[PDB]
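In order, the protein sequence lines correspond to chains G and R.
Just so we're aligned: the first sequence equals residues 1 to 23, 25 to 334 in the authors' numbering.
Just so we're aligned: the second sequence equals residues 1 to 23, 25 to 334 in the authors' numbering.
Think of the CB as a built atom: it goes at the ideal place given N, C-alpha and C, for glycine as much as any other residue.
Below is one structure, written out as structure tokens, with a few remarks after it.
Protein chains: 2
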Amino acid sequence: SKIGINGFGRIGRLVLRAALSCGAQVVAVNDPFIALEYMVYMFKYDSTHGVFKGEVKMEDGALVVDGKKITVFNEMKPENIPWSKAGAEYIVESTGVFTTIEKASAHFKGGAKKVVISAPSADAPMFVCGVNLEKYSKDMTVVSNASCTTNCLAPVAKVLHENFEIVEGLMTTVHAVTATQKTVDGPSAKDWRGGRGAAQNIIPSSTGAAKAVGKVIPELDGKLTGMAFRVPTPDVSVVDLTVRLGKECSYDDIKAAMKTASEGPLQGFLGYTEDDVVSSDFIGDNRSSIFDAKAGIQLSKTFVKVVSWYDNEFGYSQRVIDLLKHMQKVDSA
Amino acid sequence: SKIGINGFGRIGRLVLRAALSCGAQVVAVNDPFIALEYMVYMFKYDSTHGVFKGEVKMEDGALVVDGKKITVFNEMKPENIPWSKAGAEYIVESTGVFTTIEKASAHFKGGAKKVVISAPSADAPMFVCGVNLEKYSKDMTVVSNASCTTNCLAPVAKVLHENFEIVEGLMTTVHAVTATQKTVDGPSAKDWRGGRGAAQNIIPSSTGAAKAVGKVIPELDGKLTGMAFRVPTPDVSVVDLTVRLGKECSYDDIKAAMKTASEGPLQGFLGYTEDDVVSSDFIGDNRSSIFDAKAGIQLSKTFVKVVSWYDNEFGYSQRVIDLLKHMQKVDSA
Ligand SMILES: NC(=O)c1ccc[n+]([C@@H]2O[C@H](COP(=O)([O-])OP(=O)(O)OC[C@H]3O[C@@H](n4cnc5c(N)ncnc54)[C@H](O)[C@@H]3O)[C@@H](O)[C@H]2O)c1
Ligand SMILES: NC(=O)c1ccc[n+]([C@@H]2O[C@H](COP(=O)([O-])OP(=O)(O)OC[C@H]3O[C@@H](n4cnc5c(N)ncnc54)[C@H](O)[C@@H]3O)[C@@H](O)[C@H]2O)c1
């Protein structure tokens, strides 16, 4: 394609990494609070996933990724930052704060052209590879890729709602740690989630599963809402989902619905292991939304329980890249 | 006496809790980030060491810590922040930045007088219990309380030296705790110490061991040096040591010298016990530096290896307080 990145730190690494092996092309990297030498060791060496490969070294004004000429920009606040340099018309922002068109688009001034991001957003285009279909078209400057939780779910709905329709359902996600969770105990910050923890506590926490879903698959777009529980589980996570249903259920029926369908188009999204209680392995299995039958599956007529999953950290990597290609083609096509 | 604190965070809780039960009088803590309501829940709230009795509450812009009317100060930078104002005559300091007369006296600025600090202090009076003896006189306005490690350590010498003089001492800490260590993997900041962990991956690193020890009896100063190992362990900690000396030995012999002497002057510092290898229990055992014969022991005549215990969180506290009383009385005199 041809792109650059906000935040060498988690999501990025792969974006860069996946874009390289996974998808493709060339670029540049934007990270004040991480320097040249670092980019190398850092991106190369990561606790969750293992190590890199290739060569993680800097030569000429920059870092050499499988020699695919790459660079680092220090800058705080995109504007400040070039981006013009290299010509990375398609940009991926991990970030945190940076949510919404302004700052996103702002990016443009410094350079940019198209912007697609890691994280939900109230104002601005919202997306994911699952149901995205026709949604995104040239009209577009910027778009977003559903949260770790969100992207995973959108898929689940499809076969359940479309095939089973769906009325009234709620949820929880037992999760693997994000940047935000701290060691020992102490302060915290916004929306709180009491930042008292790490190794000691199973921590209650919330989310925008509804909104995201709805917009990803409106119809739904209200018939859902959610919350969550964080554990020391560093990398990787699973979700529990609840629903009531019009067409009558058979646990045999459901997991199958997904399976057959699963086979289908969806691919980078789906899964279905009858296999057997896999904890949280995945973690670089190489799967998008990926679910299973049995697990803690349970059944009755109009009411049922289902559970799918995540391998967030990474998994998100592949559908941003997934989109970047869709995006790429779409726009310039 | 009369005190105030730099940053409601770890040490402080106790700093205060203790000073409250253990020592006394009262205070007002300093912190732009940590707020009013916040404080009470926070302090009162620690899975690690526990939950507080009495009651932690916010009134007329003050915290009611076991009644004893209390103040909270919102300033970034001491100088900036009042002191005297609230009647805070002695001031302990909970940070690394602030270490040294520069910022130190600063507190004086706002309105202090006596300063006492969590952590070593190359520039300025430095100290520990055992050796702290006469050392501390009105002469000084500010003194530094050694690191978690160091205080636990200084104990070693005392016995090793007087017991065997000693011409060669070295060491290793099985450590845990401290924020910097970030979840998963990323930046970290100055000095390296790789904040590349938590649960997965242990982290090499060095600090306050040999070097400092000296001031608490330089005699030894030189015949020593140190480095440390950190486990995902939240709180508690163990030190290992090695030395060669003037002899007359047996692991039995040694523990005995320390035991007897242990009882002796030192008491609230030292120990012995036994209990095979006990464990990292001592998480609020209720003692300073505490060691054990058995735990682990190795022997070769003019050379042996030993181990000790320092519950950093809870431990250092008693000792700083321990000093707050000494200091106090010391100067007023
Ligand atoms: N962490 C996950 O597992 C995960 C999963 C899915 C989505 N996300 C999304 O990723 C984003 C952050 O997650 P991450 O762990 O991959 O990020 P990260 O915190 O590891 O990235 C932040 C780092 O990027 C660099 N950076 C670039 N621009 C910066 C700026 N303006 N200010 C400060 N630092 C800047 C700095 O090195 C900074 O420390 C969030 O939007 C989050 O919702 C994260
Ligand atoms: N952690 C230990 O086990 C241990 C043991 C002995 C000594 N110490 C000493 O404690 C200090 C840090 O360790 P800790 O975890 O016990 O402390 P903490 O990090 O975890 O305490 C820091 C607190 O100060 C606040 N703060 C932030 N910026 C500040 C500023 N500019 N001025 C004042 N307060 C500010 C923070 O918000 C937080 O509440 C170091 O000086 C260290 O040498 C720690």
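Heavy atom of ligand 1 within 8 Å of residue i beta-carbon
i, result
"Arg-10/G", "yes"
"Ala-120/G", "yes"
"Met-77/G", "yes"
"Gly-112/G", "no"
"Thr-101/G", "no"
"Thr-179/G", "yes"
"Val-185/R", "yes"
"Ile-92/G", "no"
"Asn-164/G", "no"
Any non-hydrogen atom of ligand 2 closer than 8 Å to residue i Cβ
i, result
"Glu-314/R", "yes"
"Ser-95/R", "yes"
"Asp-323/R", "no"
"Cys-149/R", "yes"
"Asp-32/R", "yes"
"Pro-188/G", "yes"
"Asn-202/G", "no"
"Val-98/R", "yes"
"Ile-35/R", "yes"
Chain G residues whose Cβ lies nearer than 9 Å to that of residue i
i, result
"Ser-48/R", "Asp-186, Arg-197, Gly-198, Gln-201, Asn-202"
"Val-98/R", "Result: empty, since nearest Cβ-Cβ is about 17 Å, beyond 9 Å."
Beta-carbon neighbours of residue i, restricted to chain G and to distances below 8 Å
i, result
"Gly-9/R", "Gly-187, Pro-188"
"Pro-235/R", "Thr-184, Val-185, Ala-199, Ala-200, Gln-201"
Distance between residue j and residue i (C-alpha atoms, nearest Å)
i, j, result
"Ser-138/G", "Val-144/G", "10 Å"
"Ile-204/R", "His-176/R", "10 Å"
"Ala-87/R", "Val-28/R", "8 Å"
"residue 346/R", "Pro-83/G", "Because chain R here runs from 1 to 334, residue 346/R falls outside it and cannot be looked at."
"residue 343/G", "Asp-186/R", "With chain G running from 1 to 334 in the structure shown, residue 343/G is simply not present."
"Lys-191/G", "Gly-297/R", "46 Å"
"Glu-135/R", "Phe-230/R", "34 Å"
"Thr-234/G", "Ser-280/G", "11 Å"
"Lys-70/G", "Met-43/G", "17 Å"
"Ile-167/G", "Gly-55/R", "51 Å"
"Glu-80/G", "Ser-122/G", "20 Å"
"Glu-60/R", "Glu-38/R", "9 Å"
"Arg-10/G", "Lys-114/R", "47 Å"
"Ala-107/G", "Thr-101/G", "10 Å"
"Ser-148/G", "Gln-299/G", "27 Å"
"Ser-206/R", "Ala-258/G", "54 Å"
"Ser-48/R", "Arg-13/R", "13 Å"
"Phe-304/G", "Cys-250/G", "8 Å"
"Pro-219/G", "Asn-152/G", "14 Å"
"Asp-124/R", "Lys-104/R", "12 Å"
"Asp-253/R", "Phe-315/R", "29 Å"
"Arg-197/G", "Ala-120/G", "24 Å"
"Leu-16/R", "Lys-183/R", "27 Å"
"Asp-241/G", "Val-214/G", "14 Å"
"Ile-92/G", "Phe-165/G", "38 Å"
"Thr-96/G", "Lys-295/G", "37 Å"
"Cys-130/R", "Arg-320/R", "7 Å"
"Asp-67/R", "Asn-31/R", "19 Å"
"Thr-181/R", "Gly-195/R", "9 Å"
Listed by chain order, chain R residues near residue i by CB distance under 9 Å
i, result
"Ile-35/G", "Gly-187, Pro-188"
Any non-hydrogen atom of ligand 4 within 8 Å of residue i CB
i, result
"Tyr-317/G", "In terms of ligand content, the structure shown lacks ligand 4 and carries ligand 1 and ligand 2 instead."
What residues from the segment 169–181 of chain R come within 7 Å of chain G, judged by C-beta to C-beta, listed N to C? When C-beta distances to chain G are compared with 7 Å, the residues of the segment 169–181 of chain R below that value are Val-178, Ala-180, in chain order.
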